[PDB]
Structures are given as structure tokens and as C-alpha cells.
Amino acid sequence: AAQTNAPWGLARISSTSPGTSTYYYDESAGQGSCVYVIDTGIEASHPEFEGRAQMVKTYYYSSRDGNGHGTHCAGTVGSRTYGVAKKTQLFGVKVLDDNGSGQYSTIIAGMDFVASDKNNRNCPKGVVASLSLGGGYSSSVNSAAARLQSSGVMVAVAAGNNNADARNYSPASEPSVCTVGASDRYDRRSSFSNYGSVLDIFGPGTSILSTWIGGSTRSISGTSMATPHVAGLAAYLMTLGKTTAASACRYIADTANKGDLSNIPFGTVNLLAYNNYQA
């Protein structure tokens with residue numbers, strides 16, 4: 001399939017070259033897979049989600065996304081216009097309040113929720129969890145991310161927007177999950193994107209247009225915005241049978257665009273998420 005005038009990030013994950021605007025992808029589009037978006041919740045009623053998004057858990061008075069961040073990330077995963085896997089199932093776990101804030105303990109409980117809740121969902125193609133969140137280093141947040149990964153969920157976490165080594169941030173520093181840095185439309189590392197040996201991949205992170213609360217859209221920047229690209233890419237690749245949850249991050253890196261990003265610090269992988277679709 002071909003989505004003309006796609007957001008630049010979608011066109012990039014299906015391109016060996018920057019500066020194109022058509023997203024190419026196999027029409028399976030993540031059908032039969034599931035992506036948990038553990039964030040501020042999802043505006044499931046948004047027409048871009050086509051009934052495929054829903055709230056499955058909240059730790060606050062409402063499951064409604066009053067922030068927009070989780071709606072944006074879900075839109076990049078699987079919204080029809082801005083998503084990578086336009087047919088995947090989107091489950092919202094509201095571990096962040098409408099300020100975008102969350103206690104690490106609520107975040108840990110959300111990861112253990114997904115690790116069990118997937119046994120209540122129909123995901124024959126597999127399960128993805130997109131963690132567009134992060135704070136300082138925590139071995140307990142890291143271990144929850146490892147349990148989630150160990151449980152059979154592909155876990156994609158943001159590297160962080162500190163322009164630092166992601167080694168001092170959780171869950172970005174958990175080596176078993178898929179830690180994602182952010183790039184821009186000119187194949188530069190995003191000026192904010194964390195780096196380091198713990199990173200596994202880079203996704204489009206600067207000026208990403210996706211869904212927003214109130215049925216709207218907007219463009220925002222962050223490693224929280226590169227993470228749903230790889231998360232959506234993983235649900236896409238697992239539906240095609242190219243990889244499993246335990247292997248998808250290592251697979252995505254094997255098939256990524258090599259040595260195409262500039263301003264990548266020594267010791268950080270120079271890999272850009274690439275669906276390797278041939279139309």
C-alpha cells in the first residue's frame with residue numbers, strides 16, 4: 001500500500017532516503033496484533049482510530065486522556081492517517097495523569113497489568129507495549145520493563161529527551177527492552193534525544209504529526225514520539241511473521257538503515273527504524 005502525503009516520519013520508516021512523503025507498507029498493517037500504549041490514556045472516540053483504540057485500565061479518576069500525549073502516541077502507532085500499523089489494536093493504560101505525571105509505582109503497576117492483561121486480549125500476531133515515558137534511573141521500573149518484555153510483550157521505551165546518556169534514566173536503561181532515540185527529517189539526531197550504548201534504534205522524533213485530544217491533530221517533538229514509530233513498526237513486523245516479541249528489537253536493528261544519521265555520538269548505534277517494505 002501507499003499513503004501519499006504521509007507525515008514525514010511514516011515516509012521515513014519505509015524509505016532508504018530522507019525527504020520523501022509517501023508511506024509504503026504491506027496492507028496487513030498490523031492486523032491481528034496489539035499495541036499497549038502506557039501513557040496518559042487514549043481518546044478512543046477519535047475518528048482516526050476507527051474503533052480499534054480503547055481504554056483498558058486507569059489508575060486515576062478517569063481513563064480519559066486529558067493531556068493529549070497518549071492520544072498522540074497511539075495515533076503514531078495505529079491511527080489510519082498517522083499510524084505505522086493502521087490495523088493494529090490499541091489498548092490504553094493510563095499510568096500518567098493529565099499533567100503527564102505519574103508515580104513510578106503506578107507506572108510499575110501498569111507494566112505488570114499489561115503483562116497479565118494480554119491474556120485477556122486476542123493478539124494472535126503478538127503484543128507490543130509503547131512506553132513514551134521515563135524519569136531518573138530506577139532498578140524497579142527497569143525490572144518491571146524487563147518482566148513485561150520477559151512476559152512475551154515487545155517493549156519499546158523512549159531514550160529520554162535530556163540530550164544525555166540514557167544510562168541514567170528508566171526504563172530507558174533496561175537493556176532487555178527496546179530503547180528508542182529520536183531523529184529529525186534531515187536524518188540528524190534530534191537535539192534533545194538521549195544517546196548511549198543502551199539505545200537500540202532511532203525513530204522519527206522531531207515534529208511528528210499525529211492525533212490529539214478534542215478530535216484534532218498536532219505536531220510535537222520527543223523520544224516519546226519516536227517510540228510509537230518503532231512500537232507500531234514491531235506490531236507491523238510481527239503481523240507479517242517476520243519476527244516475534246522476544247526478537248523484534250534485535251530484528252528491527254538488523255534491518256534498520258545503517259549509518260544514515262548525523263550527530264550520533266561515538267558508541268551509540270547509528271540505526272534508523274526501517275520497515276524494509278518493497279512495494
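Please treat every number below as a calculation from the coordinates, not as lab data. Note that each Cβ is placed from the backbone with ideal geometry, even for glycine, and that neighbours are counted across all protein chains shown.
Here is how the numbers come out for the structure above:
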| item | result |
| --- | --- |
| Descending semi-axes in whole angstrom, ellipsoid equivalent of the chain, from the Cα gyration tensor | 23, 21, 18 |
| Gaussian network model of the chain, springs between alpha carbon atoms under 10 Å - residue of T239, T227, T81 with greatest fluctuation | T81 |
| Normalised contact order of segment 110-204, rounded percent, pairs of Cα under 8 Å and 6 or more residues apart | 26 |
| Contact order relative to length of the chain, as percent, for alpha carbon pairs under 8 angstrom and 6 or more apart | 22 |
| Candidates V77, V230, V177: whichever shows maximal mean-square fluctuation once the chain is modelled as a Gaussian network with Cα springs under 10 Å | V177 |
| Among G126, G214, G152: highest mean-square fluctuation, GNM of the chain, C-alpha pairs under 10 Å | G214 |
| Cβ-based exposure ranking for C34, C249, in which fewest neighbours within 10 Å come first | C249, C34 |
| Other-chain or far-sequence residues with amide H under 5 Å of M55's (modelled H) | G92 |
| Sequence of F49, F91 once ranked by neighbouring C-beta atoms within 10 Å, starting from the fewest | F49, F91 |
| Neighbour-count order for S262, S132, fewest beta carbons within 10 angstrom listed first | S262, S132 |
